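Before any comments, here is the structure.
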Amino acid sequence: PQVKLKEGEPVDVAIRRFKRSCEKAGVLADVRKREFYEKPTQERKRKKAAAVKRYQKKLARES
Amino acid sequence: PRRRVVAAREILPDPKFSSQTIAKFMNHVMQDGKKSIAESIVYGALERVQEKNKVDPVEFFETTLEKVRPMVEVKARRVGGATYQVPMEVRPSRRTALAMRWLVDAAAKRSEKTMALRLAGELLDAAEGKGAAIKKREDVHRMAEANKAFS
Amino acid sequence: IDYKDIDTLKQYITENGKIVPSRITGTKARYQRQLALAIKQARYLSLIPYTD
Amino acid sequence: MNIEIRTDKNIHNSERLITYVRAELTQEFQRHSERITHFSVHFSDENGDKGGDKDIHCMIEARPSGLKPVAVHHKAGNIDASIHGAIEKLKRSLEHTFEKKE
Amino acid sequence: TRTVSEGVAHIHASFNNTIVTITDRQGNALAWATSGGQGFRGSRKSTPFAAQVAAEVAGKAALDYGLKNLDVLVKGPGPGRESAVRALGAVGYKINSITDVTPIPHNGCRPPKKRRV
RNA sequence: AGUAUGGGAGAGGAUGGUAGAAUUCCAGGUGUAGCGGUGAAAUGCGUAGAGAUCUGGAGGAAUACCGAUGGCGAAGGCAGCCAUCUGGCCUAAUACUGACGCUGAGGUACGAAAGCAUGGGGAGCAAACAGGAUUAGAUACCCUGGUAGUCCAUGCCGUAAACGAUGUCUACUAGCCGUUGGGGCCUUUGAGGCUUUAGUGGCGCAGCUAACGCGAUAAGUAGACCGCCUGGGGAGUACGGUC
Ligand SMILES: [Mg+2]
Ligand SMILES: [Mg+2]
Ligand SMILES: [Mg+2]
Ligand SMILES: [Mg+2]
Ligand SMILES: [Mg+2]
Ligand SMILES: [Mg+2]
Ligand SMILES: [Mg+2]
Ligand SMILES: [Mg+2]
Ligand SMILES: [Mg+2]
Ligand SMILES: [Mg+2]
Ligand SMILES: [Mg+2]
């Protein structure tokens, strides 16, 4: 983050820029994961499902 | 309904004062289609209130109505098995309708001999700032203020 | 790749200090592995920050 | 809850039957109490003046305070059997509905 | 009594509650407020409205020293992250910058178990 | 089928050391009312200074991003970084042995997690257990605490939906598109396009199948050997015997 406000920078626009920077960084998403313990079986299942979805999206793209 | 947008009907202005607001008030007072008795009641009340202080009856009525109109209300929202009373703004038509209904009900529950007398008493009380309609306005503000937190 | 080529290593690091994925960098897997190893070694030697 | 039980010409009804039905039905459904305001049971014999394995039809319909009225039917060879089957089915139905509505 | 030219805002936002702490540099505290403290008990405790109300009260309380510049440090998830900072500016403060301080474990301790609600 | 010599990739295995993030506990600076939790609550924590915030110590456990239809291993299974010891695999040419092979009743070795014996450690999590809620009832789901255990050393235990539910080895039989590790060729604008091989994926002709579906990673066409089935229960049970 470490976003520095400009001399004429509105506070609302600065907040918007901070939100965009945080969204790109993705630090907020990582926090939600630590709320629960994900077991290895569930983790592997979700990763394989995501891989299948990505490959399907790719195929649809060049198709 | 699930479809369509029903248009509003037109209420003709009253004979004496040519006021659509006063005609709507007479319609609120009216029972069993006895609009002639409704007009008699309303006009007797207006004469009685005019007697106390010399002002335009129409102006007095609209001023008291503005005094009694609501600001904010909640509409119950059922999510997660809870009431979730959510404050919201209300359209001018609803504002006027609730104001008129409160005035008429408070007059009905007052304790004078005739409906005209007790309606005039309610108008005077609302003008002063202490009445049953004023109390319902206060209560709705109080509750929508307690629940301001939600959107 | 070397842990001493700090400029090249920093070309593939975000502001937070995290290693940028091969998907968006466009690097080969072989290059990415060595890049990560060099980044870790430089982090240990403090040539580049771990975080922030 | 008020109980209104009726039969047909074949079945034959008596105030003794009324008292017994009221007592048993209240005893079984005593838990709900205020949740429910009205019961109406009905008894028939279908092919009146003949016989069969079931040959008798019991019904019970109950009004729960709030939700809409709910009905249950049963067929059995005897009045007692019909009543017991209908009671069991009502109990199951009310339990399911109350669990659903929570 | 003590006069400080510059300040630091700490906004600890959680699903349940939001806390705003105005401090000076080196960590010594000046003022603090909480959504539950400014009324708003229950599910409404997490509403962003309570967040900005708490920010308003805390900033007004801390304005006594007259500091005109501060930097915002925002921690945790939950509503109020933006409402509190907007209220900070609304109070009359000038925010130097806004930054995030969320603690991210590098696969350390084991999180709790699922809620099979 | 195997041996010698050059290179290459890799969370393959054992031992030791070390880095940062975060959690908990303990002291101190500022400071004065809530914190925490839930569908809503309550239990609980805090005016004997809680929560938030800054600084300084103790110890434990696991290694964010990289990270992937990625990689390695007979299987079970392997994730920071460095050093030591160590097995297998891929790839090229030359030179050697001359069928030295496949399978394998018994037997023997390895074998997730839980559990057991002895001695250590204990941050977080959490069987049992206690309280608070919900409920007609709650011996549960939810909340607040919490012991064994989870961790280390040396042994035992022989079990899993230990699963592509698909034994190992060998030869042959349309094509199209990915990705990983090597080999070769041609353009070049310092990157590309075609080929062979060993893995890992998505489609699909013929063929097979009750169907679904499989389809050069066969469930196709053939051969060698082993294990196993004979209606659902009683029943992986009783008796005897081994551990
Ligand atoms: Mg008939
Ligand atoms: Mg008939
Ligand atoms: Mg063999
Ligand atoms: Mg054997
Ligand atoms: Mg528990
Ligand atoms: Mg060891
Ligand atoms: Mg053993
Ligand atoms: Mg078995
Ligand atoms: Mg397995
Ligand atoms: Mg099997
Ligand atoms: Mg046995």
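Residue numbers (PDB author numbering), protein chains in the order written: chain u, 2 to 64; chain g, 2 to 152; chain r, 21 to 72; chain v, 1 to 102; chain k, 12 to 128.
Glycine residues also receive a C-beta, built at the ideal position from the N, C-alpha and C atoms.
Nearest neighbour of k:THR29, chosen from k:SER57, k:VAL102 and k:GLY119 [CA to CA]: k:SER57
Inter-residue spacing [alpha-carbon to alpha-carbon] between k:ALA42 and k:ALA69: 6 Å
Min CB distance k:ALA61 to chain g below 7 Å: yes
Selected residue, minimal CA-CA separation from g:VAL80, among k:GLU93, k:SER54, k:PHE26 and k:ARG13: k:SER54
Under the three-state DSSP convention, the category v:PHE39 falls into: strand
Where v:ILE83 sits in the DSSP three-state scheme: helix
Near-chain r residues of the segment 16–41 of chain u (beta-carbon distance less than 8 Å), N- to C-terminal order: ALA26 and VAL28
Reference k:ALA66, options k:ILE109, k:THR45 and k:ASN118, closest by Cα: k:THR45
Whether g:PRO93 touches g:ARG138 by CB criterion (7 Å): no
Cutoff 7 Å: g:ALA100 Cβ touching any chain k Cβ: no
7 Å Cβ cutoff, k:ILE115 in contact with chain u: yes
Residues sharing a beta bridge with r:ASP25, DSSP: In the DSSP output, where bridge partners are listed per residue, r:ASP25 has none listed.
Three-state secondary structure assigned by DSSP to g:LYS55: coil
Alpha carbon of u:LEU60 to alpha carbon of r:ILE44, nearest angstrom: 19 Å
Proximity of k:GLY91 and k:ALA40 at Cβ, strictly below 7 Å: no
Exposed unless 16 or more other CB atoms sit within 10 angstroms - verdict on v:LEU67: exposed
Near-chain g residues of the segment 32–63 of chain k - C-beta to any C-beta below 7 Å: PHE51, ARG55, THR58, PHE60 and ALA61
Residues from the segment 98–115 of chain k in contact with chain u, defined by Cβ distance under 7 Å: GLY100, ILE106, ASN107, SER108, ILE109, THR110, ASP111, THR113 and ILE115
Anticipated Cβ contact below 8 Å, k:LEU81 with k:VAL19, distance rounded: 6 Å
Delimiting residues of the beta strand (DSSP E) encompassing k:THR34: 29–34
6 Å CB neighbourhood of r:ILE68 in its chain, flanking five on each side removed: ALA62
Pairwise C-alpha distance: v:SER93 and g:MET116: 53 Å
When g:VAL6, g:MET27, g:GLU48 and g:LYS149 are compared against g:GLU90, the one with the closest alpha-carbon: g:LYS149
Cutoff 7 Å: k:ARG121 Cβ touching any chain u Cβ: yes
Same chain, Cβ closer than 8 Å to g:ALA39, neighbours up to 5 away in sequence not counted: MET27, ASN28, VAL30, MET31 and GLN32
Sufficient close CB pairs (3 or more, under 8 Å) joining the segment 3–17 of chain u to the segment 88–102 of chain k: yes
Local Cβ density within 10 Å of k:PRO59, reported as buried at 16 or more and exposed below that: buried
Where k:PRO88 meets chain u, residues with beta-carbon distance less than 8 Å: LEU29, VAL32 and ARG33
Cβ neighbours of v:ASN2 in the same chain (closer than 6 Å, five flanking residues each side left out): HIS38
Cross-chain neighbours of u:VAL14 in chain k, by beta carbon under 8 Å: By Cβ distance, chain k contributes nothing, its closest Cβ being about 11 Å from u:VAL14, past 8 Å.
DSSP state of residue 130 of chain k mapped onto helix, strand, coil: Residue 130 of chain k lies beyond the residue range present for chain k, which begins at 12 and ends at 128; the question has no answer from this structure.
Assigned exposure category for k:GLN49 - 16 Cβ within 10 Å defines buried: buried
Residue from g:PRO16, g:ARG49, g:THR22 and g:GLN51 with nearest C-alpha to g:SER37: g:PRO16
Expected contact under 8 Å - CB spacing of k:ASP35 and k:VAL15 to nearest Å: 5 Å
As assigned by DSSP and simplified to three states, the class of k:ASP82: strand
Residue environment, v:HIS74, which counts as buried when at least 16 other CB atoms sit within 10 Å: buried
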